[PDB]
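>>> An experimental structure, sequence included, is below.
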Amino acid sequence: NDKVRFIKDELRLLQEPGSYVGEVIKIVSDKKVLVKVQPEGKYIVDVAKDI
Amino acid sequence: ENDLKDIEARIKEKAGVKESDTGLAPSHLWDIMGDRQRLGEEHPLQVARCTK
Amino acid sequence: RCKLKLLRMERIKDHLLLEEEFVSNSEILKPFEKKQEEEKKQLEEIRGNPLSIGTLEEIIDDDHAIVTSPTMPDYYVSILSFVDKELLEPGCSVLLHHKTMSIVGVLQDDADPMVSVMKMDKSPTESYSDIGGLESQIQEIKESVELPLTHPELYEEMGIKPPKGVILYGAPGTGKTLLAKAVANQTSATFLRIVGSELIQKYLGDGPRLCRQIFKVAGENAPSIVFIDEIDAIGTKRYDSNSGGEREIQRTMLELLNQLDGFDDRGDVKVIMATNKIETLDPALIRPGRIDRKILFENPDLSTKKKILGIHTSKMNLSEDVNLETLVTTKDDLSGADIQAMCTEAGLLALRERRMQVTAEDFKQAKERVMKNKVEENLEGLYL
Ligand SMILES: Nc1ncnc2c1ncn2[C@@H]1O[C@H](COP(=O)(O)OP(=O)(O)OP(=O)(O)O)[C@@H](O)[C@H]1O
Ligand SMILES: [Mg+2]
């Protein structure tokens, strides 16, 4: 059972919208981060609860 | 003397900084019809140039 | 020594500031007040999620603008306009909305790594009278650099415009370099320092834009003192001759005339120039009213060196053996950088020993090494 319910779970896990690599240029103290996406430009965007 | 050097860095670090993201005090309500410029497009435009 | 108590006192003021600061941030920064809560609420309601950095090319006075994004496509953006219609200008970084691009807000400031070279974080650990000696040709640099910042009140009694500009010139090593860095510790106003070998570049067209910049930043902060160290370096340094050469050097000089005074009416840029090639400069540079009092420096005289040498040996270990007066006898109208290289090389003799005493023998020996430098790129011996 451990085996078959790991496969069935991986099918969901693999489905993404795309998840990027960014790099922090600098923070701003509004609780936002200026991030330059490595191919793309810069966007100030909020952060999660784990960081 | 090294304690002097350390504590100045620590005061600044814990105090935090601030970087303005402009507003205006003579404004405190803008979204009664700011959302008409927003969210319900009326519209911002791709700029072009006539060639023919 | 014996300053332990005052350093503990300073430290004690620091403990109290760190403490109350920290607790104030922590939990009693109470955001349960409505003038905090309600202002941020409806500010974030129009403000993004992705904030789409743009670059403002120009504004239109119908509450619109044309931005060009670094990603590509332009947009004819609106403006929410609680952000003060007229507070944003070409060259701004603007926050566009992740839906219909509207100017959510405006970033106040942004910077270059090329102005990092210009600007400074430093706070010299030398203050004046580590320039002790040459103490009347330094009233021409603290009566026209320091003083009108300190007192404009004196220049109001007489009225008319206050001083502007100096050119320092004389022999190398006679303190020109440290003079500029010593008035900047006193005045505590934006000290820019730029080398003249970076104003000379191996690429054209960007030469003038660099030179135009220095004073535009400098005027932008209301007080600034711009040290151009080595404007003697613009005719003796040059790379290739097909993107350097006459042309590069001529343009940059031309730019500087407009900047230095010209028609800009920019902010306060007190200028300090060090040079000993003053005849490779324009007549509209060394023109009066951009140089007001110009300072000449020549080699000290015998009794001036006594002032110089006592500054330098106070930092060192001493004995009763040491005699400064006979080190002075040997030198004859030499620079204070020569004197300063004897005291530096005297501890190199102490380093060589691994003996922490400095003695009259160590100062005399390094005297001979210092005089070895002067006359052994010479090969006459006696003047032929
Ligand atoms: N008249 C003086 N009074 C006190 N100190 C001096 C004097 N002249 C030189 N010195 C010491 O010698 C130093 C070396 O000087 P610095 O390197 O600033 O000289 P310089 O004249 O600027 O050299 P350059 O000719 O290479 O431009 C200074 O840092 C300073 O402490
Ligand atoms: Mg120098």
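Thanks, I have the structure now. Numbering: from 1, shown residues only, chains lettered A, B, ... in the order given. Ligands and ions are numbered 1, 2, ... in the order given.
>>> can you give me the strands for chain A?
A:22-28, A:32-37, A:42-45 (DSSP state E).
>>> Pretty sure residue A:37 sits against residue A:43.
Yes - counting by CB atoms under 8 Å, residue A:37 touches residue A:43, with 7.2 Å between them. In this view, the C-beta of every residue, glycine as well, is placed from N, C-alpha and C.
>>> neighbour-wise, which of the two wins?
residue A:43 (22 against 14; other CB atoms under 10 Å in any protein chain shown).
>>> mind listing what the nearest residue to the more buried one once chain neighbours are set aside touches?
Nearest residue to residue A:43 in three dimensions, chain neighbours excluded: residue C:50, at 4.9 Å (CB to CB, 6 or more residues apart in numbering or on different chains). Under the criterion of CB atoms under 8 Å, 6 or more residues apart in numbering or on different chains, the neighbours of residue C:50 are A:43-45, C:98.
>>> ok, of those, which come out buried?
With burial judged by 16 or more other CB atoms under 10 Å in any protein chain shown, the buried subset of the contacts of residue C:50 is A:43-45.
>>> Go through those and say which is closest to residue C:105.
When those are compared for distance to residue C:105 (CB to CB), residue A:44 wins out at 9.6 Å.
>>> State the pair within the contacts of residue C:50 that is farthest apart.
A:44 and C:98 (10.7 Å).
>>> Common neighbours of the two, please.
With CB under 8 Å, 6+ apart, residue A:44 and residue C:98 have common neighbours C:48, C:50-51.
>>> okay, the residues you listed in a markdown table with secondary structure next?
Shown next, in a markdown table, are the shared contacts of residue A:44 and residue C:98 (DSSP: H, G, I helix; E, B strand; the rest coil):
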| residue | secondary structure |
| --- | --- |
| C:48 | coil |
| C:50 | coil |
| C:51 | coil |
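>>> Out of those residues, which comes closest to chain B?
residue C:51 (9.4 Å; CB to the nearest CB).
>>> Excluding sequence neighbours, find me the nearest residue to the closest one.
Here the residue nearest residue C:51, using CB to CB, 6+ apart, is residue A:44, at 4.0 Å.
>>> same question, residue C:316
Nearest to residue C:316 is residue C:358, by CB to CB, 6+ apart, at 4.9 Å.
>>> Starting from chain A, give me the distance back to the one you found.
Computed as CB to the nearest CB, to the nearest Å, the residue C:358 to chain A distance reads 49 Å.
>>> At which residues are the helices of chain B located?
B:2-15, B:34-37 (DSSP state H).
>>> Which among those is found nearest to residue C:32?
Here helix B:2-15 is closest among the helices of chain B (CB to CB), at 21.5 Å.
>>> is the closest one anywhere near chain A?
No - Helix B:2-15 lies out of reach of chain A by CB under 8 Å from any CB of the partner chain, never closer than 10.7 Å.
>>> List the contacts of that helix.
C:7, C:10-11, C:14-15, C:17-18, C:21-22, C:25.
>>> Tell me the one of the buried ones among the contacts of residue C:50 nearest ligand 1?
residue A:44 (44.9 Å; CB to the nearest ligand atom).
>>> show me the contacts for that closest one.
A:28, A:32-35, C:48, C:50-51, C:53, C:95.
>>> just to revisit the earlier point, quick check: the gap between the residue nearest to residue A:43 and residue C:315.
Residue C:50 sits 58 Å away from residue C:315, going by CB to CB, to the nearest Å.
>>> Flag every buried residue along the helix or strand containing residue C:177.
Assigning secondary structure by DSSP states H and E places residue C:177 in helix C:176-187. Across helix C:176-187, burial judged by 16+ other CB under 10 Å covers C:176-185, C:187.
>>> and it, how far from the chain's centre?
Relative to its chain's centre, helix C:176-187 lies at 9 Å (CA atoms, centre = their mean, to the nearest Å).
>>> and after it, which helix or strand comes next?
Using DSSP H and E, the first helix or strand after helix C:176-187 is strand C:190-195.
>>> And that following strand, what's buried?
Counting neighbours by 16+ other CB under 10 Å, strand C:190-195 gives C:190-194 as buried.
>>> what's the answer for stretch C:221-230, then?
Buried, per 16+ other CB under 10 Å, within stretch C:221-230: C:223-230.
>>> can you redo those as a markdown table with distance to chain B?
Putting the buried residues of stretch C:221-230 into a markdown table (distance: CB to the nearest CB, whole Å) gives the following:
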| residue | distance to chain B |
| --- | --- |
| C:223 | 22 |
| C:224 | 22 |
| C:225 | 25 |
| C:226 | 27 |
| C:227 | 26 |
| C:228 | 31 |
| C:229 | 29 |
| C:230 | 33 |
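>>> Could you export these to CSV, including columns for distance to residue C:125 and secondary structure?
Shown next, in CSV, are those (distance: CB to CB, whole Å; DSSP: H, G, I helix; E, B strand; the rest coil):
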residue, distance to residue C:125, secondary structure
C:223, 23, strand
C:224, 22, strand
C:225, 19, strand
C:226, 22, strand
C:227, 18, strand
C:228, 23, strand
C:229, 19, strand
C:230, 23, coil
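>>> got the residues you listed as CSV, with distance to residue C:338 columns?
Shown next, in CSV, are the buried residues of stretch C:221-230 (distance: CB to CB, whole Å):
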residue, distance to residue C:338
C:223, 36
C:224, 33
C:225, 28
C:226, 29
C:227, 24
C:228, 25
C:229, 20
C:230, 20
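>>> Return the member of those nearest to chain A.
For those, the closest approach to chain A (CB to the nearest CB) belongs to residue C:224, at 24.8 Å.
>>> for residue C:268, what are its contacts?
Contacts of residue C:268 (CB under 8 Å, 6+ apart): C:218-219, C:222-224.
>>> Looking at these, spot the one nearest residue C:29.
residue C:222 (32.5 Å).
>>> Spatially nearest residue to the closest one (excluding sequence neighbours)?
residue C:267 (5.4 Å).
>>> so who does the one you found touch?
Contact analysis of residue C:267 by CB under 8 Å, 6+ apart lists C:218-224.
>>> Could you tell me which of those residues belong to strands?
Among the contacts of residue C:267, the residues falling in strands (DSSP E) are C:223-224.
>>> Flag every residue of chain B that's near chain A.
Within chain B, the positions adjacent to chain A are B:16-19, B:21 by CB under 8 Å from any CB.
>>> possible to save the residues you listed as a markdown table with neighbour count and distance to residue B:10?
As requested, the residues of chain B next to chain A are exported to a markdown table (neighbours: other CB atoms under 10 Å in any protein chain shown; distance: CB to CB, whole Å):
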| residue | neighbour count | distance to residue B:10 |
| --- | --- | --- |
| B:16 | 9 | 12 |
| B:17 | 9 | 14 |
| B:18 | 9 | 18 |
| B:19 | 12 | 21 |
| B:21 | 20 | 27 |
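>>> Keep only those of these that are also close to chain C.
Answer for the residues of chain B next to chain A near chain C (CB under 8 Å from any CB): B:16, B:19, B:21.
>>> Specify which member of those is nearest to residue C:102.
Once CB to CB is applied, the member of those that ends up nearest residue C:102 is residue B:21, at 14.5 Å.
>>> is it true that that closest one touches residue A:29?
No - counting by CB under 8 Å, residue B:21 stays clear of residue A:29, with 9.9 Å between them.
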